[PDB]
Amino acid sequence: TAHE
Amino acid sequence: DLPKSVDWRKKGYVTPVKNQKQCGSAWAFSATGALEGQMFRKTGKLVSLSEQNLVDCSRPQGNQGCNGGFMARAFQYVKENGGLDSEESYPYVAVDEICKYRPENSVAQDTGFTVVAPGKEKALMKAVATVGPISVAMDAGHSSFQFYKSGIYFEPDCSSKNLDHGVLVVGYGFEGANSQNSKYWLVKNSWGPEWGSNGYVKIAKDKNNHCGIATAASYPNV
Ligand SMILES: [Cl-]
């Protein structure tokens with residue numbers, strides 16, 4: 001849900 | 001005229017390599033890395049900053065802790081929050097927990113952030129040379145990245161637009177004697193000192209924005  | 005190579009680690013702007021472990025919080029390590037360099041530029045003092053503080057407290061700004069997030073949203077939280085605690089006072093445990101931000105333990109502030117033009121590697125070179133380490137997103141979704149060890153990383157299946165991992169550009173350089181040949185970005189990862197080259201990776205530079213390094217770069221304004 002975005003960068004991880 | 002920009003220098004032929006830059007390495008902010010040799011000037012005291014960068015903390016030792018950290019490890020996010022089993023939590024999708026690289027966005028938080030990238031953000032603390034950039035704020036660490038800007039606070040060092042501002043005060044001459046290097047102080048490790050709390051990734052956990054960002055994981056636990058920046059959901060209102062649109063981050064989702066161990067489930068992912070964005071460095072720009074993290075710098076927005078620090079601005080709105082009025083501060084950020086140190087690594088020491090708000091330790092990293094790699095799981096989503098209750099926000100325990102304590103203003104008396106804040107060691108950093110920012111007023112917002114600056115963005116580098118999307119996809120412009122020479123704008124990023126200029127930012128790295130004149131400001132300090134820069135937060136960036138990249139496509140790290142490959143076994144070749146997972147098992148990277150040394151040399152200039154180049155992956156054919158890399159994407160310059162669909163990115164999945166936050167990192168920190170601490171400099172740039174080249175191999176050999178020609179400063180314009182086989183160039184690379186010096187990048188700090190958050191998978192521990194044991195991964196890659198003492199926790200770092202050299203990513204191909206000026207090769208059509210390889211892995212999206214200059215697609216979403218930014219730094220906090222201190
Ligand atoms: Cl971001």
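Each position is counted from 1, following the chain as shown.
Yeah, the Cβs are placed from backbone N, Cα and C, and that goes for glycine too.
Around B:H165 (active site), the C-beta neighbours below 8 angstroms that are at least 6 residues distant in the chain are B:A26, B:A137, B:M138, B:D139, B:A140, B:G141. If you look up Swiss-Prot, you'll see B:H165 (among others) marked as active site, on the strength of experimental evidence.
Taken from Swiss-Prot, the feature active site covers B:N189 (among others), and the record attributes it to experimental evidence. Around B:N189 (active site), the C-beta neighbours below 8 angstroms that are at least 6 residues distant in the chain are B:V17, B:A26, B:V167, B:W195, B:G196, B:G199, B:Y200, B:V201.
According to Swiss-Prot, the feature disulfide bond maps to B:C23-B:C66 (among others), an assignment based on experimental evidence. All protein chains shown were included, and the count of other CB atoms within 10 Å of the CB of B:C66 (disulfide bond) stands at 19. According to its DSSP assignment, B:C66 (disulfide bond) is coil.
Sequence-distant contacts of B:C57 (disulfide bond), defined by Cβ-Cβ distance under 8 angstroms and a gap of at least six in the same chain, are B:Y77, B:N81, B:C99, B:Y101. According to Swiss-Prot, the feature disulfide bond maps to B:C57-B:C99 (among others), an assignment based on experimental evidence.
Sequence-distant contacts of B:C211 (disulfide bond), defined by Cβ-Cβ distance under 8 angstroms and a gap of at least six in the same chain, are B:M138, B:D139, B:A140, B:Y153, B:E155, B:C158, B:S159, B:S160, B:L163, B:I203. According to DSSP, B:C211 (disulfide bond) sits within a helical segment. The disulfide bond feature in Swiss-Prot is assigned to B:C158-B:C211 (among others); the stated evidence is experimental evidence.
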Mapped onto three states, the DSSP assignment of B:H165 (active site) reads strand
The correct subset of the recorded positions B:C57, B:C99, B:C158, B:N189, B:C211 with a Cβ closer than 8 Å to some chain A Cβ is none
Counting Cβ atoms within 10 Å of each Cβ, the densest environment among the disulfide-bonded residues B:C23, B:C99, B:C158 belongs to B:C158
Mapped onto three states, the DSSP assignment of B:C57 (disulfide bond) reads helix
